[PDB]
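What follows is the content of model.txt, which has compact mmCIF, N, CA and C atoms and all ligand atoms:
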# COMPACT_ATOMS: atom_id res chain seq x y z
N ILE M 22 0.87 -1.20 0.00
CA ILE M 22 0.00 0.00 0.00
C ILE M 22 0.89 1.24 0.00
N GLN M 23 0.43 2.29 -0.68
CA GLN M 23 1.16 3.55 -0.81
C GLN M 23 1.16 4.39 0.47
N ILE M 24 2.26 5.07 0.72
CA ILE M 24 2.45 5.78 1.98
C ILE M 24 1.53 7.00 2.11
N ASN M 25 1.10 7.55 0.97
CA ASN M 25 0.25 8.76 0.98
C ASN M 25 -1.25 8.46 0.91
N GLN M 26 -1.62 7.22 1.19
CA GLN M 26 -3.03 6.84 1.25
C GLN M 26 -3.49 6.78 2.70
N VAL M 27 -4.77 7.08 2.93
CA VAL M 27 -5.40 6.96 4.23
C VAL M 27 -6.73 6.25 4.07
N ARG M 28 -7.17 5.60 5.14
CA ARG M 28 -8.46 4.94 5.12
C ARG M 28 -9.39 5.61 6.09
N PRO M 29 -10.42 6.30 5.58
CA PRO M 29 -11.39 6.93 6.48
C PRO M 29 -12.21 5.89 7.23
N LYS M 30 -12.43 6.13 8.52
CA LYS M 30 -13.30 5.27 9.30
C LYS M 30 -14.73 5.38 8.80
N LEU M 31 -15.54 4.39 9.18
CA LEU M 31 -16.89 4.24 8.64
C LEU M 31 -17.71 5.53 8.52
N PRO M 32 -17.86 6.28 9.62
CA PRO M 32 -18.76 7.43 9.54
C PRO M 32 -18.23 8.52 8.62
N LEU M 33 -16.91 8.70 8.60
CA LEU M 33 -16.33 9.69 7.69
C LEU M 33 -16.46 9.21 6.26
N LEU M 34 -16.25 7.92 6.05
CA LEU M 34 -16.39 7.40 4.70
C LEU M 34 -17.81 7.60 4.18
N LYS M 35 -18.79 7.46 5.07
CA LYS M 35 -20.17 7.71 4.68
C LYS M 35 -20.36 9.14 4.15
N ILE M 36 -19.78 10.12 4.83
CA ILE M 36 -19.80 11.50 4.36
C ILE M 36 -19.15 11.67 2.98
N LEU M 37 -17.95 11.10 2.82
CA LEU M 37 -17.24 11.22 1.56
C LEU M 37 -18.04 10.58 0.42
N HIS M 38 -18.58 9.38 0.66
CA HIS M 38 -19.42 8.73 -0.36
C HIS M 38 -20.64 9.58 -0.70
N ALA M 39 -21.23 10.17 0.33
CA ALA M 39 -22.42 11.02 0.21
C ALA M 39 -22.12 12.32 -0.53
N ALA M 40 -20.84 12.60 -0.76
CA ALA M 40 -20.41 13.75 -1.55
C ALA M 40 -19.82 13.35 -2.90
N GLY M 41 -19.94 12.08 -3.27
CA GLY M 41 -19.53 11.66 -4.60
C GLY M 41 -18.22 10.89 -4.71
N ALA M 42 -17.60 10.57 -3.57
CA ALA M 42 -16.38 9.76 -3.58
C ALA M 42 -16.64 8.30 -3.93
N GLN M 43 -15.62 7.65 -4.51
CA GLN M 43 -15.67 6.22 -4.81
C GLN M 43 -14.51 5.56 -4.10
N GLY M 44 -14.73 4.37 -3.53
CA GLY M 44 -13.63 3.58 -2.98
C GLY M 44 -13.46 3.73 -1.48
N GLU M 45 -12.34 3.19 -0.99
CA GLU M 45 -12.11 3.01 0.44
C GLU M 45 -10.87 3.73 0.95
N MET M 46 -9.96 4.05 0.04
CA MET M 46 -8.69 4.67 0.40
C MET M 46 -8.48 5.90 -0.46
N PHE M 47 -7.88 6.93 0.12
CA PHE M 47 -7.80 8.25 -0.47
C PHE M 47 -6.51 8.94 -0.04
N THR M 48 -6.08 9.94 -0.80
CA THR M 48 -5.08 10.86 -0.28
C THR M 48 -5.77 11.85 0.67
N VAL M 49 -5.01 12.51 1.53
CA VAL M 49 -5.59 13.48 2.43
C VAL M 49 -6.23 14.61 1.62
N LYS M 50 -5.61 14.98 0.51
CA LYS M 50 -6.18 15.99 -0.39
C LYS M 50 -7.56 15.57 -0.89
N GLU M 51 -7.70 14.31 -1.29
CA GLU M 51 -9.01 13.81 -1.75
C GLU M 51 -10.05 13.85 -0.64
N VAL M 52 -9.67 13.45 0.56
CA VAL M 52 -10.59 13.52 1.68
C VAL M 52 -11.09 14.95 1.87
N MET M 53 -10.18 15.92 1.82
CA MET M 53 -10.57 17.31 2.02
C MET M 53 -11.44 17.83 0.89
N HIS M 54 -11.14 17.39 -0.33
CA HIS M 54 -11.96 17.76 -1.48
C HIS M 54 -13.41 17.31 -1.26
N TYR M 55 -13.60 16.04 -0.93
CA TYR M 55 -14.97 15.54 -0.77
C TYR M 55 -15.68 16.10 0.45
N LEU M 56 -14.94 16.30 1.54
CA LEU M 56 -15.52 16.90 2.73
C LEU M 56 -15.98 18.33 2.40
N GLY M 57 -15.16 19.06 1.64
CA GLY M 57 -15.51 20.41 1.22
C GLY M 57 -16.73 20.38 0.34
N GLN M 58 -16.79 19.43 -0.59
CA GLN M 58 -17.97 19.30 -1.45
C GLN M 58 -19.23 18.99 -0.65
N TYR M 59 -19.12 18.13 0.35
CA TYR M 59 -20.25 17.83 1.23
C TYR M 59 -20.81 19.11 1.88
N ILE M 60 -19.94 19.90 2.49
CA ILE M 60 -20.34 21.14 3.14
C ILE M 60 -20.90 22.16 2.16
N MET M 61 -20.26 22.27 1.00
CA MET M 61 -20.64 23.26 0.00
C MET M 61 -21.99 22.92 -0.61
N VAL M 62 -22.17 21.67 -1.01
CA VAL M 62 -23.37 21.30 -1.73
C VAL M 62 -24.58 21.24 -0.80
N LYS M 63 -24.42 20.75 0.43
CA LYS M 63 -25.50 20.80 1.42
C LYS M 63 -25.71 22.22 1.95
N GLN M 64 -24.76 23.10 1.64
CA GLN M 64 -24.79 24.49 2.12
C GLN M 64 -24.87 24.60 3.64
N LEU M 65 -23.96 23.89 4.31
CA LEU M 65 -23.90 23.89 5.78
C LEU M 65 -23.22 25.15 6.33
N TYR M 66 -22.42 25.81 5.50
CA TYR M 66 -21.81 27.09 5.88
C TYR M 66 -22.91 28.17 6.00
N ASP M 67 -22.71 29.13 6.89
CA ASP M 67 -23.65 30.26 7.01
C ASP M 67 -23.49 31.14 5.77
N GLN M 68 -24.52 31.26 4.94
CA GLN M 68 -24.40 32.00 3.69
C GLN M 68 -23.92 33.44 3.90
N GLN M 69 -24.15 33.96 5.10
CA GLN M 69 -23.86 35.35 5.45
C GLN M 69 -22.51 35.48 6.15
N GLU M 70 -21.91 34.35 6.49
CA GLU M 70 -20.61 34.33 7.16
C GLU M 70 -20.00 32.98 6.85
N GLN M 71 -19.39 32.88 5.68
CA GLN M 71 -19.16 31.58 5.05
C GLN M 71 -18.01 30.72 5.60
N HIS M 72 -17.25 31.26 6.55
CA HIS M 72 -16.28 30.46 7.28
C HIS M 72 -16.96 29.65 8.40
N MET M 73 -18.18 30.03 8.77
CA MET M 73 -18.90 29.33 9.83
C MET M 73 -19.70 28.17 9.26
N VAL M 74 -19.50 26.98 9.83
CA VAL M 74 -20.20 25.79 9.40
C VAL M 74 -21.16 25.34 10.50
N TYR M 75 -22.45 25.31 10.19
CA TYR M 75 -23.44 24.88 11.16
C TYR M 75 -23.72 23.44 10.85
N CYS M 76 -23.11 22.56 11.64
CA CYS M 76 -23.11 21.12 11.37
C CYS M 76 -24.00 20.33 12.33
N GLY M 77 -24.43 20.96 13.43
CA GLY M 77 -25.34 20.30 14.38
C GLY M 77 -26.64 19.80 13.77
N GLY M 78 -27.01 18.55 14.06
CA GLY M 78 -28.19 17.93 13.45
C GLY M 78 -27.84 17.10 12.23
N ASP M 79 -26.62 17.28 11.73
CA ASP M 79 -26.16 16.50 10.60
C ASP M 79 -25.11 15.48 11.04
N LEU M 80 -24.96 14.42 10.27
CA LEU M 80 -23.86 13.47 10.50
C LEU M 80 -22.51 14.14 10.74
N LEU M 81 -22.22 15.21 10.00
CA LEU M 81 -20.94 15.87 10.17
C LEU M 81 -20.79 16.41 11.59
N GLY M 82 -21.87 16.99 12.12
CA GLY M 82 -21.85 17.49 13.50
C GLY M 82 -21.67 16.37 14.51
N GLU M 83 -22.28 15.22 14.24
CA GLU M 83 -22.14 14.06 15.12
C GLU M 83 -20.68 13.63 15.18
N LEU M 84 -20.07 13.51 14.00
CA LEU M 84 -18.67 13.11 13.90
C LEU M 84 -17.76 14.13 14.57
N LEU M 85 -18.01 15.41 14.33
CA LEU M 85 -17.21 16.48 14.94
C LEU M 85 -17.40 16.63 16.44
N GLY M 86 -18.57 16.25 16.94
CA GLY M 86 -18.90 16.48 18.34
C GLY M 86 -19.12 17.96 18.64
N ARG M 87 -19.56 18.69 17.63
CA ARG M 87 -19.80 20.13 17.75
C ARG M 87 -21.01 20.53 16.92
N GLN M 88 -21.68 21.59 17.36
CA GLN M 88 -22.79 22.18 16.63
C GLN M 88 -22.29 22.98 15.44
N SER M 89 -21.09 23.52 15.57
CA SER M 89 -20.52 24.38 14.54
C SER M 89 -19.03 24.46 14.68
N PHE M 90 -18.36 24.88 13.62
CA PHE M 90 -16.95 25.19 13.69
C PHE M 90 -16.63 26.26 12.68
N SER M 91 -15.46 26.86 12.82
CA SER M 91 -15.00 27.87 11.86
C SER M 91 -13.86 27.33 11.03
N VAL M 92 -13.97 27.51 9.72
CA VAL M 92 -12.92 27.08 8.82
C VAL M 92 -11.62 27.84 9.07
N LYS M 93 -11.72 29.04 9.66
CA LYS M 93 -10.53 29.82 9.99
C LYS M 93 -9.77 29.28 11.19
N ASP M 94 -10.46 28.50 12.02
CA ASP M 94 -9.88 27.94 13.24
C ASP M 94 -10.13 26.43 13.23
N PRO M 95 -9.38 25.70 12.40
CA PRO M 95 -9.75 24.34 12.02
C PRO M 95 -9.46 23.23 13.05
N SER M 96 -8.93 23.57 14.22
CA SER M 96 -8.50 22.50 15.13
C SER M 96 -9.58 21.45 15.46
N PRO M 97 -10.84 21.86 15.63
CA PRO M 97 -11.86 20.82 15.89
C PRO M 97 -12.06 19.87 14.71
N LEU M 98 -11.89 20.39 13.49
CA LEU M 98 -12.00 19.58 12.29
C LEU M 98 -10.79 18.66 12.20
N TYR M 99 -9.62 19.20 12.49
CA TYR M 99 -8.40 18.40 12.50
C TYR M 99 -8.44 17.32 13.59
N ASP M 100 -9.03 17.64 14.74
CA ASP M 100 -9.24 16.62 15.79
C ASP M 100 -10.06 15.46 15.21
N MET M 101 -11.12 15.79 14.48
CA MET M 101 -11.99 14.77 13.92
C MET M 101 -11.23 13.93 12.89
N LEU M 102 -10.44 14.57 12.04
CA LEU M 102 -9.66 13.83 11.05
C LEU M 102 -8.61 12.92 11.69
N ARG M 103 -7.95 13.39 12.74
CA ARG M 103 -6.97 12.57 13.44
C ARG M 103 -7.61 11.26 13.92
N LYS M 104 -8.83 11.37 14.42
CA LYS M 104 -9.53 10.22 15.02
C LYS M 104 -10.19 9.33 13.96
N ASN M 105 -10.41 9.87 12.77
CA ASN M 105 -11.16 9.14 11.74
C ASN M 105 -10.40 8.78 10.47
N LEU M 106 -9.10 9.01 10.47
CA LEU M 106 -8.26 8.58 9.36
C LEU M 106 -7.27 7.56 9.87
N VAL M 107 -7.21 6.42 9.20
CA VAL M 107 -6.17 5.42 9.44
C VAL M 107 -5.04 5.67 8.45
N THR M 108 -3.80 5.75 8.94
CA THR M 108 -2.67 6.14 8.11
C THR M 108 -1.46 5.25 8.39
N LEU M 109 -0.51 5.20 7.45
CA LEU M 109 0.74 4.44 7.63
C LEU M 109 1.91 5.38 7.88
N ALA M 110 1.72 6.66 7.59
CA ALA M 110 2.78 7.65 7.81
C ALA M 110 2.79 8.07 9.28
N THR M 111 1.86 7.51 10.06
CA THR M 111 1.84 7.71 11.50
C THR M 111 1.83 6.37 12.23
MG MG S 201 -13.24 9.26 -5.93
MG MG S 202 -9.98 2.05 -2.65
MG MG S 203 -4.52 21.09 15.03
What does this structure look like when you write it as structure tokens?
Ligand SMILES: [Mg+2]
Ligand SMILES: [Mg+2]
Ligand SMILES: [Mg+2]
Amino acid sequence: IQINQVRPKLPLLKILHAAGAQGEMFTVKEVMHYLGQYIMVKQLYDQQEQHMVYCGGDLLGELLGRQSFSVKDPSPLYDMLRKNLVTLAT
């Protein structure tokens, strides 16, 4: 297996699939692409303040353990990725 591949855990993979991803293993860039598409297409960001993501009530909020987060202050999102990505480079 390639060193730059990661395997998203079940609930994260569900999100990525729900945004148009195919398969089980991805680069971190691909994961971010599909996660971004999920947020963008469902329009979870506040249209009036687009760095704010209102994720509570959605699977993404469940996974994050937060009602909302800011894209400018990504640590809660990065916490979620740390816990939901299986990697070989770590
Ligand atoms: Mg794909
Ligand atoms: Mg695959
Ligand atoms: Mg961090």
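Identified as lying at most 6.5 Å from ligand MG 201 (chain S) when counting all atoms listed in the file are the residues residues 41, 42, 43 and 44 of chain M.
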So that each row is one residue of chain M with an atom at most 6 Å from ligand MG 203 (chain S), can you give its shortest atom pair and the distance in Å to one decimal, using all atoms listed in the file, rows by chain and rising number, as JSON lines?
{"residue": "M:95", "atom": "C", "partner": "S:MG203", "partner_atom": "MG", "distance": 5.7}
{"residue": "M:96", "atom": "CA", "partner": "S:MG203", "partner_atom": "MG", "distance": 4.2}
{"residue": "M:99", "atom": "CA", "partner": "S:MG203", "partner_atom": "MG", "distance": 5.4}
{"residue": "M:100", "atom": "N", "partner": "S:MG203", "partner_atom": "MG", "distance": 5.7}
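Residues of protein, DNA or RNA lying at most 12 Å from ligand MG 202 (chain S), when only C-alpha atoms and all ligand atoms are considered, are residues 22, 23, 26, 27, 28, 29, 34, 38, 42, 43, 44, 45, 46, 47, 48 and 51 of chain M.
Secondary structure from DSSP on the backbone puts strand (DSSP E or B) at the following positions of chain M: residues 27, 28, 29, 47, 66, 67, 70, 71, 72, 73, 74, 75, 89, 90, 91, 106, 107 and 108 of chain M.
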How about saving the chosen residues, N, CA and C atoms kept, as a PDB file, in the frame of the given file?
ATOM      1  N   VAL M  27      -4.770   7.080   2.930  1.00  0.00           N
ATOM      2  CA  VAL M  27      -5.400   6.960   4.230  1.00  0.00           C
ATOM      3  C   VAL M  27      -6.730   6.250   4.070  1.00  0.00           C
ATOM      4  N   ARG M  28      -7.170   5.600   5.140  1.00  0.00           N
ATOM      5  CA  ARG M  28      -8.460   4.940   5.120  1.00  0.00           C
ATOM      6  C   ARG M  28      -9.390   5.610   6.090  1.00  0.00           C
ATOM      7  N   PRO M  29     -10.420   6.300   5.580  1.00  0.00           N
ATOM      8  CA  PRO M  29     -11.390   6.930   6.480  1.00  0.00           C
ATOM      9  C   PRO M  29     -12.210   5.890   7.230  1.00  0.00           C
ATOM     10  N   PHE M  47      -7.880   6.930   0.120  1.00  0.00           N
ATOM     11  CA  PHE M  47      -7.800   8.250  -0.470  1.00  0.00           C
ATOM     12  C   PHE M  47      -6.510   8.940  -0.040  1.00  0.00           C
ATOM     13  N   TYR M  66     -22.420  25.810   5.500  1.00  0.00           N
ATOM     14  CA  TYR M  66     -21.810  27.090   5.880  1.00  0.00           C
ATOM     15  C   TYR M  66     -22.910  28.170   6.000  1.00  0.00           C
ATOM     16  N   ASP M  67     -22.710  29.130   6.890  1.00  0.00           N
ATOM     17  CA  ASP M  67     -23.650  30.260   7.010  1.00  0.00           C
ATOM     18  C   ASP M  67     -23.490  31.140   5.770  1.00  0.00           C
ATOM     19  N   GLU M  70     -21.910  34.350   6.490  1.00  0.00           N
ATOM     20  CA  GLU M  70     -20.610  34.330   7.160  1.00  0.00           C
ATOM     21  C   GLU M  70     -20.000  32.980   6.850  1.00  0.00           C
ATOM     22  N   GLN M  71     -19.390  32.880   5.680  1.00  0.00           N
ATOM     23  CA  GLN M  71     -19.160  31.580   5.050  1.00  0.00           C
ATOM     24  C   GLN M  71     -18.010  30.720   5.600  1.00  0.00           C
ATOM     25  N   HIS M  72     -17.250  31.260   6.550  1.00  0.00           N
ATOM     26  CA  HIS M  72     -16.280  30.460   7.280  1.00  0.00           C
ATOM     27  C   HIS M  72     -16.960  29.650   8.400  1.00  0.00           C
ATOM     28  N   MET M  73     -18.180  30.030   8.770  1.00  0.00           N
ATOM     29  CA  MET M  73     -18.900  29.330   9.830  1.00  0.00           C
ATOM     30  C   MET M  73     -19.700  28.170   9.260  1.00  0.00           C
ATOM     31  N   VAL M  74     -19.500  26.980   9.830  1.00  0.00           N
ATOM     32  CA  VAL M  74     -20.200  25.790   9.400  1.00  0.00           C
ATOM     33  C   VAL M  74     -21.160  25.340  10.500  1.00  0.00           C
ATOM     34  N   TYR M  75     -22.450  25.310  10.190  1.00  0.00           N
ATOM     35  CA  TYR M  75     -23.440  24.880  11.160  1.00  0.00           C
ATOM     36  C   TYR M  75     -23.720  23.440  10.850  1.00  0.00           C
ATOM     37  N   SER M  89     -21.090  23.520  15.570  1.00  0.00           N
ATOM     38  CA  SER M  89     -20.520  24.380  14.540  1.00  0.00           C
ATOM     39  C   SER M  89     -19.030  24.460  14.680  1.00  0.00           C
ATOM     40  N   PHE M  90     -18.360  24.880  13.620  1.00  0.00           N
ATOM     41  CA  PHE M  90     -16.950  25.190  13.690  1.00  0.00           C
ATOM     42  C   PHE M  90     -16.630  26.260  12.680  1.00  0.00           C
ATOM     43  N   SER M  91     -15.460  26.860  12.820  1.00  0.00           N
ATOM     44  CA  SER M  91     -15.000  27.870  11.860  1.00  0.00           C
ATOM     45  C   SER M  91     -13.860  27.330  11.030  1.00  0.00           C
ATOM     46  N   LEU M 106      -9.100   9.010  10.470  1.00  0.00           N
ATOM     47  CA  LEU M 106      -8.260   8.580   9.360  1.00  0.00           C
ATOM     48  C   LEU M 106      -7.270   7.560   9.870  1.00  0.00           C
ATOM     49  N   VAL M 107      -7.210   6.420   9.200  1.00  0.00           N
ATOM     50  CA  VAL M 107      -6.170   5.420   9.440  1.00  0.00           C
ATOM     51  C   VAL M 107      -5.040   5.670   8.450  1.00  0.00           C
ATOM     52  N   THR M 108      -3.800   5.750   8.940  1.00  0.00           N
ATOM     53  CA  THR M 108      -2.670   6.140   8.110  1.00  0.00           C
ATOM     54  C   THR M 108      -1.460   5.250   8.390  1.00  0.00           C
TER      55      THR M 108
END
> By how many Å are atom C of residue 103 (chain M) and CA of residue 56 (chain M) apart?
Replying inline: 14.8 Å
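The space separating atom C of residue 50 (chain M) from atom C of residue 70 (chain M) comes to 22.8 Å.
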>> Taking 2 positions as the minimum chain separation for residues in the same chain, which residues sit within 8 Å of residue 87 (chain M) when counting all atoms listed in the file? Answer as number ranges by chain.
In response: M: 75-78, 81-85, 89-90
>> I need the residues in region 30-109 of chain M that are helix (DSSP H, G or I) according to DSSP; give them as an MDAnalysis selection string.
In response: chainID M and resid 31:39 49:63 80:85 96:105
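Comparing the minimum interatomic distances between residue 30 (chain M) and each of M:88, M:105, M:68, M:111, counting only N, CA and C atoms, we find that M:105 sits nearest.
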>> Using only N, CA and C atoms and a cutoff of 8 Å, can you tell me which residues are near (-19.7, 19.4, 6.3) in the file's coordinates, and write them out as a count of residues only?
In response: 17
> Could you state the separation of atom N of residue 92 (chain M) and atom N of residue 24 (chain M) in Å, given to one decimal place?
Replying inline: 29.1 Å
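Among the candidates M:62, M:53, M:39, M:73, the residue lying nearest to residue 91 (chain M) is M:73 (atoms considered: only C-alpha atoms).
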Mind completing region 72-97 of chain M with N, CA, C and O atoms? Output as an mmCIF file, keeping the file's coordinate frame, please?
data_model
loop_
_atom_site.group_PDB
_atom_site.id
_atom_site.type_symbol
_atom_site.label_atom_id
_atom_site.label_comp_id
_atom_site.auth_asym_id
_atom_site.auth_seq_id
_atom_site.Cartn_x
_atom_site.Cartn_y
_atom_site.Cartn_z
ATOM 1 N N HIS M 72 -17.250 31.260 6.550
ATOM 2 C CA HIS M 72 -16.280 30.460 7.280
ATOM 3 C C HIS M 72 -16.960 29.650 8.400
ATOM 4 O O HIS M 72 -16.383 28.687 8.911
ATOM 5 N N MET M 73 -18.180 30.030 8.770
ATOM 6 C CA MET M 73 -18.900 29.330 9.830
ATOM 7 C C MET M 73 -19.700 28.170 9.260
ATOM 8 O O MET M 73 -20.484 28.348 8.321
ATOM 9 N N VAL M 74 -19.500 26.980 9.830
ATOM 10 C CA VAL M 74 -20.200 25.790 9.400
ATOM 11 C C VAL M 74 -21.160 25.340 10.500
ATOM 12 O O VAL M 74 -20.734 25.060 11.621
ATOM 13 N N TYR M 75 -22.450 25.310 10.190
ATOM 14 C CA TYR M 75 -23.440 24.880 11.160
ATOM 15 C C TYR M 75 -23.720 23.440 10.850
ATOM 16 O O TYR M 75 -24.474 23.149 9.906
ATOM 17 N N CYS M 76 -23.110 22.560 11.640
ATOM 18 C CA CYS M 76 -23.110 21.120 11.370
ATOM 19 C C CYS M 76 -24.000 20.330 12.330
ATOM 20 O O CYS M 76 -24.294 19.159 12.077
ATOM 21 N N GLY M 77 -24.430 20.960 13.430
ATOM 22 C CA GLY M 77 -25.340 20.300 14.380
ATOM 23 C C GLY M 77 -26.640 19.800 13.770
ATOM 24 O O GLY M 77 -27.306 20.524 13.031
ATOM 25 N N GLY M 78 -27.010 18.550 14.060
ATOM 26 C CA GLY M 78 -28.190 17.930 13.450
ATOM 27 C C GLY M 78 -27.840 17.100 12.230
ATOM 28 O O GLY M 78 -28.652 16.315 11.736
ATOM 29 N N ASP M 79 -26.620 17.280 11.730
ATOM 30 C CA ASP M 79 -26.160 16.500 10.600
ATOM 31 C C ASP M 79 -25.110 15.480 11.040
ATOM 32 O O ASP M 79 -24.460 15.655 12.065
ATOM 33 N N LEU M 80 -24.960 14.420 10.270
ATOM 34 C CA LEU M 80 -23.860 13.470 10.500
ATOM 35 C C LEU M 80 -22.510 14.140 10.740
ATOM 36 O O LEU M 80 -21.745 13.723 11.611
ATOM 37 N N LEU M 81 -22.220 15.210 10.000
ATOM 38 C CA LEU M 81 -20.940 15.870 10.170
ATOM 39 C C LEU M 81 -20.790 16.410 11.590
ATOM 40 O O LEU M 81 -19.725 16.319 12.189
ATOM 41 N N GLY M 82 -21.870 16.990 12.120
ATOM 42 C CA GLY M 82 -21.850 17.490 13.500
ATOM 43 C C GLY M 82 -21.670 16.370 14.510
ATOM 44 O O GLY M 82 -21.003 16.536 15.540
ATOM 45 N N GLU M 83 -22.280 15.220 14.240
ATOM 46 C CA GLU M 83 -22.140 14.060 15.120
ATOM 47 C C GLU M 83 -20.680 13.630 15.180
ATOM 48 O O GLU M 83 -20.128 13.448 16.257
ATOM 49 N N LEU M 84 -20.070 13.510 14.000
ATOM 50 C CA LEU M 84 -18.670 13.110 13.900
ATOM 51 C C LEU M 84 -17.760 14.130 14.570
ATOM 52 O O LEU M 84 -16.826 13.758 15.289
ATOM 53 N N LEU M 85 -18.010 15.410 14.330
ATOM 54 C CA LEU M 85 -17.210 16.480 14.940
ATOM 55 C C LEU M 85 -17.400 16.630 16.440
ATOM 56 O O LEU M 85 -16.509 17.124 17.135
ATOM 57 N N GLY M 86 -18.570 16.250 16.940
ATOM 58 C CA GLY M 86 -18.900 16.480 18.340
ATOM 59 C C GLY M 86 -19.120 17.960 18.640
ATOM 60 O O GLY M 86 -18.910 18.420 19.765
ATOM 61 N N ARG M 87 -19.560 18.690 17.630
ATOM 62 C CA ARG M 87 -19.800 20.130 17.750
ATOM 63 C C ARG M 87 -21.010 20.530 16.920
ATOM 64 O O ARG M 87 -21.291 19.933 15.882
ATOM 65 N N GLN M 88 -21.680 21.590 17.360
ATOM 66 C CA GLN M 88 -22.790 22.180 16.630
ATOM 67 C C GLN M 88 -22.290 22.980 15.440
ATOM 68 O O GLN M 88 -23.003 23.148 14.451
ATOM 69 N N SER M 89 -21.090 23.520 15.570
ATOM 70 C CA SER M 89 -20.520 24.380 14.540
ATOM 71 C C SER M 89 -19.030 24.460 14.680
ATOM 72 O O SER M 89 -18.471 24.132 15.727
ATOM 73 N N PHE M 90 -18.360 24.880 13.620
ATOM 74 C CA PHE M 90 -16.950 25.190 13.690
ATOM 75 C C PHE M 90 -16.630 26.260 12.680
ATOM 76 O O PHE M 90 -17.451 26.550 11.796
ATOM 77 N N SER M 91 -15.460 26.860 12.820
ATOM 78 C CA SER M 91 -15.000 27.870 11.860
ATOM 79 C C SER M 91 -13.860 27.330 11.030
ATOM 80 O O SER M 91 -12.896 26.782 11.562
ATOM 81 N N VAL M 92 -13.970 27.510 9.720
ATOM 82 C CA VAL M 92 -12.920 27.080 8.820
ATOM 83 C C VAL M 92 -11.620 27.840 9.070
ATOM 84 O O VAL M 92 -10.539 27.342 8.771
ATOM 85 N N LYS M 93 -11.720 29.040 9.660
ATOM 86 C CA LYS M 93 -10.530 29.820 9.990
ATOM 87 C C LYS M 93 -9.770 29.280 11.190
ATOM 88 O O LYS M 93 -8.586 29.574 11.365
ATOM 89 N N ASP M 94 -10.460 28.500 12.020
ATOM 90 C CA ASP M 94 -9.880 27.940 13.240
ATOM 91 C C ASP M 94 -10.130 26.430 13.230
ATOM 92 O O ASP M 94 -10.999 25.944 13.948
ATOM 93 N N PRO M 95 -9.380 25.700 12.400
ATOM 94 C CA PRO M 95 -9.750 24.340 12.020
ATOM 95 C C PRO M 95 -9.460 23.230 13.050
ATOM 96 O O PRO M 95 -9.743 22.065 12.778
ATOM 97 N N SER M 96 -8.930 23.570 14.220
ATOM 98 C CA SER M 96 -8.500 22.500 15.130
ATOM 99 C C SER M 96 -9.580 21.450 15.460
ATOM 100 O O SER M 96 -9.265 20.269 15.539
ATOM 101 N N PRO M 97 -10.840 21.860 15.630
ATOM 102 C CA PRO M 97 -11.860 20.820 15.890
ATOM 103 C C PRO M 97 -12.060 19.870 14.710
ATOM 104 O O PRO M 97 -12.356 18.687 14.893
#
